[PDB]
Protein chains: 4
Amino acid sequence: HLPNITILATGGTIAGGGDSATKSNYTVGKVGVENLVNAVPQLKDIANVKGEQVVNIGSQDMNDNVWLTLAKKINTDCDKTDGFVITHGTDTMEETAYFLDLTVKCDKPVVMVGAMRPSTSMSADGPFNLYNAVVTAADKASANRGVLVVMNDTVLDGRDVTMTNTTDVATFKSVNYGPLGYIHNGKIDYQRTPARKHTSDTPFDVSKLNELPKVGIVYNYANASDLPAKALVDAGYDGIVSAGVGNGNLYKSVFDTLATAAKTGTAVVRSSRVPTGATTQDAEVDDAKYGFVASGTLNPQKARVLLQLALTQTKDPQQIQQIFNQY
Amino acid sequence: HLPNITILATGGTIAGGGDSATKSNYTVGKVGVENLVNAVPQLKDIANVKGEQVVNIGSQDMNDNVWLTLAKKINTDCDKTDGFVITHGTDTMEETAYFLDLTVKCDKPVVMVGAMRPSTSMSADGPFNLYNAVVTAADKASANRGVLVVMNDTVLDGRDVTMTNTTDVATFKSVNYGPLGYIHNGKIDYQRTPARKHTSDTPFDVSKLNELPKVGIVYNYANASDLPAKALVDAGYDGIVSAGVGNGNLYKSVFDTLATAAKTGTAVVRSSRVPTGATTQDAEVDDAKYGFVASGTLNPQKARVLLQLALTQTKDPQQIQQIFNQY
Amino acid sequence: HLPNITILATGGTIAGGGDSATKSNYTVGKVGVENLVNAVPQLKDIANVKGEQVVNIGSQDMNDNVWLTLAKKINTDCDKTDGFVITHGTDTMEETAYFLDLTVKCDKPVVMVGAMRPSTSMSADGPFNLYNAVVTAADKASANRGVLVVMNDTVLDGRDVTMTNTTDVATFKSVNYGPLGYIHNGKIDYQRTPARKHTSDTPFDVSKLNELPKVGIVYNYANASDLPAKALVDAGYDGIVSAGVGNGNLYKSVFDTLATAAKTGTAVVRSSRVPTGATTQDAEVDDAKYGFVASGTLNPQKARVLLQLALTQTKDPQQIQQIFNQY
Amino acid sequence: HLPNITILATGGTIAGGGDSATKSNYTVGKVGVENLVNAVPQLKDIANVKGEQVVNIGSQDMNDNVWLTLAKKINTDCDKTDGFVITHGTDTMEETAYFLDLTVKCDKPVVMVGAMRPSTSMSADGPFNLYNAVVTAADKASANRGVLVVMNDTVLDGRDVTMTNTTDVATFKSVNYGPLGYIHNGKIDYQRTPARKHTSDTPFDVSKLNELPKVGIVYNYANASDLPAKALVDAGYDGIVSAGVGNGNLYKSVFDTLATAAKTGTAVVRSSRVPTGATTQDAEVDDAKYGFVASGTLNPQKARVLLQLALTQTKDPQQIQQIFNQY
Ligand SMILES: N[C@@H](CC(=O)O)C(=O)O
Ligand SMILES: N[C@@H](CC(=O)O)C(=O)O
């Protein structure tokens, strides 16, 4: 009758609690996986669920080590289950989802979910999000779509999905290309699938890696200090992502530091602090002249994911641009 | 019998050009204020326009010296004109508009305007933008609303307005509280005004300042380096704004560096990389314990503006939090 | 000492139920106001609540009689309570809210609330919505803002608020002018108030009315039948609202019928089926010539509310247009 | 070595003019196809353009006869050109686009385009809109995606695309599933394609039809008259689409009239006035019990298109539901 679904838990508000149902204060990742699952008894109606705790952190402390652990656990356990759900904080779910989207080689459903309200709160969103994530992970139509995020009755691809609001339960949106499908009464009408290459159609293989190249992010604004970019350069960072103003534009002092870094081997990706649309070529910056790479619709944090992985294969800026055009 | 409107030009793509109407490439600041005005002769039908070129730069290079020049100029010439229009780049127009919103003591109309397509482009947006900006600055109903941005037939308050898309003509949106008015056929239906204190209702007086407090911005993401934050501390920054994940949260190592900076005198404001919603008190971070200030709906670059101005009066976190609750 | 808040219950999904927490099927009309109050014991911490069941219906069956009951009851009982919450279906909440916004003379807080998920749903939104609505009604800052809708942690004015999505908990938005305030941890930051005249600043007085003028709505689209329009004219309707295409345009057949209906004393308002933006004058329809009124930002169902009240005082198109310009 | 592109002109503002650059008044369908092409000399860099005038109307007067003309012309001429662009009014572009999406059996690019500003107006959108539409028609990657709409640098599928704002140049959005691609510097990065069946994958064949089944639309609101519904049933309409309240709900007297109509043969689809989201099954309305069909994400004007074409083939409500599940 029912699919075997593995829940890999990482913490987040979905496993987090406070002293009151009406007070906003909470602490993240106190609740273990077994307690989350038992708190939604209806999951037994749609899946045989096995829970495993990988870590128990707030996703604001998410890191490369947890990413390597998840990618390897999924790639190892692919043939032992029918699909995966990862419980995770909201704050960096959009980064973990895109990392997994590029490094998981299982094309069974892999679904991430979180909660914007603590499990102890009035009208807690976590129970029904988990229910719907398992509905998604259990649906054979979810296979081959890449890694997914299921939040607020919506299935979102891992590349485009991002947090649009600090607090709203409806915060996760695919702000450039839209969602893949909507969940109603336990059924999904998929109308889209991401054309960017994911999972088994990428060359990225972290099976034998215990660390990732070092990539930092710098912000642009009026009168922006070069000290952030200089500090990453002085530490020998492999790459730097610019959170540019407008269409990936650089403050004078930041342009100058990043131009000199790119000349000496630092991979430099222009992204934007602006929440939708592409950082394009052919605007005000001659990328080929400086050795810069344009991020396209990848926001800074998503550009960092792809750049880190691109640096596992190449330091050539032409080849990194080709990777930013395909993944 | 028409109003006297002064145009203060600072450059931007509105004044910019490329070598083809169809290709996207361009350079800012190729067109001076007199050519810009003369190219829109319909302005003569609604105002008597005088143009002064204040600077000629891309707004990616906007800085404190241009802010101080603009505030002092508008404050000095308030009694000589009926209204102001400031032509500016799009990329940091939301920063400049908020600075002027807090330091301009002239409650006559002050309206900022730019363009997403260069002046040479097919279907250039600059002309009708500039026209709508003068309509707005000529409308007696625009006075006392604080500094405004006029873009795509819409009147936006300087505090909430932000660039939502890298390339779209419709990019400027007041994403939290909505616009003030819509322009149709040179008439505005104003249904809103900003409740936060602006212009003559703020204590910020830059009339005798030649420099502003040093405030930098650090980005949060998975595995974030503390190095950028350490570099700003080590340089003696007066303040640091954090572009937090989710509801203004910080990666572990950034948290530890900013907690220590706040303890030892650095002003620290938690904002969010998330494009809409407040960074709130009473969530995961005990602000009162660390001496941190929560930015509310101010995005990192806007939080920087207010923190620079707060630091001209106080270094006390309870008093900076009061400022972030009123302006 | 906690404020006295009266809940006037009308039914809705918030008082709706189905057979299962996970199945989407539900019914309304079954569940009493004391059950909603019991789902939210935390109410006792913020107010002295008294519940009255006025009717128990799905708001898809909302009607003139319920509106008149509600306005008269709020106006009679104003000096007996400190604020009102109205529990109501989602589907026509934007119509009731605007009727009450025009007809209520009580300037104490009047807050409507519903739920997008039935009370029986996993992660039901009704409990926290109702809590936040009582917060809003208890907030002295909520007085003098007109009639409010509180949904998904957001305070929305009764004029601009509309249901944007069929199923999403985040459906309610003030799509043209934006919300008034956001609610976090039981506190509101109000940054806006509606400039259009409401409540005690309107001349609409239904205290002695037992019915309202008959006003119907016709839809425009390719090849539209004039029959719906001709049926309302033939039944001697007092007014017709057109849900126009684009900027309130009319299919040729519908134009002809409405042009005739206006000449024989039917009031005709052009609104739009487009969900945001004004139906303007000075576009493709000469309203003055035909005796039509342009709805501005009022959508068809909101235009019907103001037209019905306009017709309690005048049948003159110029006077109705002025009313559509002020309320 | 350029593609041959045929422009089929139907009228619209994009061919429309007013008495000034600066007043909003205009009349639609003045200029001819040859004047439109000559305004955009740049088209010669990207295509060999041939224009034909099919009609010269405001799209507010679009009708079944124009739709049958357009479908047959495209189907006959498919082998004579590399791609089609259709110039059209904005108001009903979303209807013609979906009709052609179901009935066109040419899988070469078919692209619709319009303009929200008059050709004579300052910063007219029409010229760069046509340029971009010809870019899209000439892109071999546009084939096999169904009939497209190109507006504001965006490629939108003919099923989801809708006019979201009355006046904004950015009005056209695919509000449920998002755009297919974005156009920058005359290039398109496609990242999506519609999964719903279109063009050569639909059984709809209009090649021999001179008429379409009669399908009318009724609007729901508080106190809705049943008289529009009764007028269509008395005229012996083949189908009726309900613009329902919320999730496709009906006012009681409309429900009763349409339940009776459905039992006696009339095909009834529940759609929604709400601008986004699906009208679902398994909510408050037992569709199978009344013989009703749920429209899904199809809005009322889009639901009419598909119900007209379904009625060319079947009047069985079960089979019509299957059609609403597949196209
Ligand atoms: N800070 C928490 C927030 C939550 O999950 O809503 C996290 O990302 O783990
Ligand atoms: N009424 C015009 C509107 C426009 O095209 O902007 C039309 O659809 O023909």
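Throughout, protein chains are lettered first and strands after them, A, B, ... in sequence-line order, and every chain is numbered starting at 1. Numbering of ligands and ligand atoms starts at 1, following listing order.
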Item to check | Audit row: C:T280, C:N247, side-chain hydrogen bond (donor to acceptor under 3.5 Å, both in side chains) steps and yes/no | outcome: CA-CA 7 Å; C:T280 68; C:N247 189 0; 2.9 Å; yes

Checklist entry - Can you check whether A:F172 reaches A:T164 side chain to side chain, under 4.5 Å on heavy atoms? => result no

Checklist entry - Is any side-chain N of the basic residue among C:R273 and D:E95 closer than 4.0 Å to the acidic one's carboxylate O? => result yes

Checklist entry - Is B:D153 paired with D:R117 through a side-chain N to carboxylate O contact shorter than 4.0 Å? => result yes

Would you tabulate the polar-atom pairs, meaning N/O of ligand 1 against N/O of the protein, with distances under 3.5 Å, reported to 0.1 Å?
residue  : atom  : partner : partner atom : Å
ligand 1 : 1 (N) : A:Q60   : OE1          : 2.9
ligand 1 : 1 (N) : A:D91   : OD2          : 2.9
ligand 1 : 1 (N) : B:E284  : OE1          : 3.2
ligand 1 : 1 (N) : B:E284  : OE2          : 2.5
ligand 1 : 5 (O) : A:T13   : N            : 3.0
ligand 1 : 5 (O) : A:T13   : OG1          : 2.7
ligand 1 : 5 (O) : A:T90   : N            : 3.0
ligand 1 : 5 (O) : A:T90   : OG1          : 3.2
ligand 1 : 6 (O) : A:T13   : OG1          : 2.7
ligand 1 : 6 (O) : A:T90   : OG1          : 2.7
ligand 1 : 6 (O) : A:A115  : O            : 2.7
ligand 1 : 8 (O) : A:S59   : OG           : 2.6
ligand 1 : 8 (O) : A:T90   : N            : 3.2
ligand 1 : 8 (O) : A:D91   : N            : 3.0
ligand 1 : 8 (O) : A:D91   : OD1          : 3.4
ligand 1 : 9 (O) : A:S59   : N            : 2.8

Checklist entry - For A:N129, what residues pass the side chain to side chain contact (heavy atoms under 4.5 Å, CB included) criterion, not counting sequence neighbours? => result A:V113, A:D125, A:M151

Next on the checklist: Working note: D:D19 + D:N25, criterion side-chain hydrogen bond (donor to acceptor under 3.5 Å, both in side chains); need CA distance, chi angles, decisive distance, verdict.
Outcome noted: CA-CA 8 Å; D:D19 300 334; D:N25 314 76; over 6 Å; no

